[PDB]
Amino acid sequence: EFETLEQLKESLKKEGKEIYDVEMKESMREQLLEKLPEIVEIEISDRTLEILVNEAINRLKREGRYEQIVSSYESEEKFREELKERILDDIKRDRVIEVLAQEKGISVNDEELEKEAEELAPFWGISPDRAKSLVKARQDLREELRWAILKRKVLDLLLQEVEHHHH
């Protein structure tokens, strides 16, 4: 697997016609996010991961989606093993994204938070003013929005740094 961000970016290079794909945003972000965990190391206990796996499963059970999901696996043990690796990858991914934001001087201001809340409003089924007030009132929601915006900016910047082979 990749050892440096530069090696990762090199693997994302495209050539000719396939460069101009209208799904560039979603597609590239997906592969970028999938490979990012490979360039960082996290020193965390297996116990911590077991705990995170339980909490994820408890959440799935509250959503009523656990059995449908675990049933698709050979056993619950197998599912837990997969979920543990996915969780570790998320932890690695978030660390990489946070560090790149710091290295690139990227941040999020209230103006950006407000704009994003306005755009989310219709999906939430509430007015733009209602959405902006919720974000201003709930720290948890505000932190989630801030991170979503930051992560998107970091991913977009990285993708825009990939030098493709133009014909």
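In this text, residue numbers run from 1 along the sequence as written.
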For this session: Would you determine, from the values in the PDB entry, which of 44-52 and 120-128 has the greater average C-alpha temperature factor?
Result: 120-128
For this session: Look over 153-161 and 21-29 in the entry and identify the one with the greater average Cα temperature factor.
Result: 21-29
Exercise. Would the CA B-factor of residue 77 place it in the lowest, middle or highest third of its chain?
Worked result: middle
Exercise. C-alpha B factor of residue 61, ranked within the chain: lowest, middle or highest third?
Worked result: highest
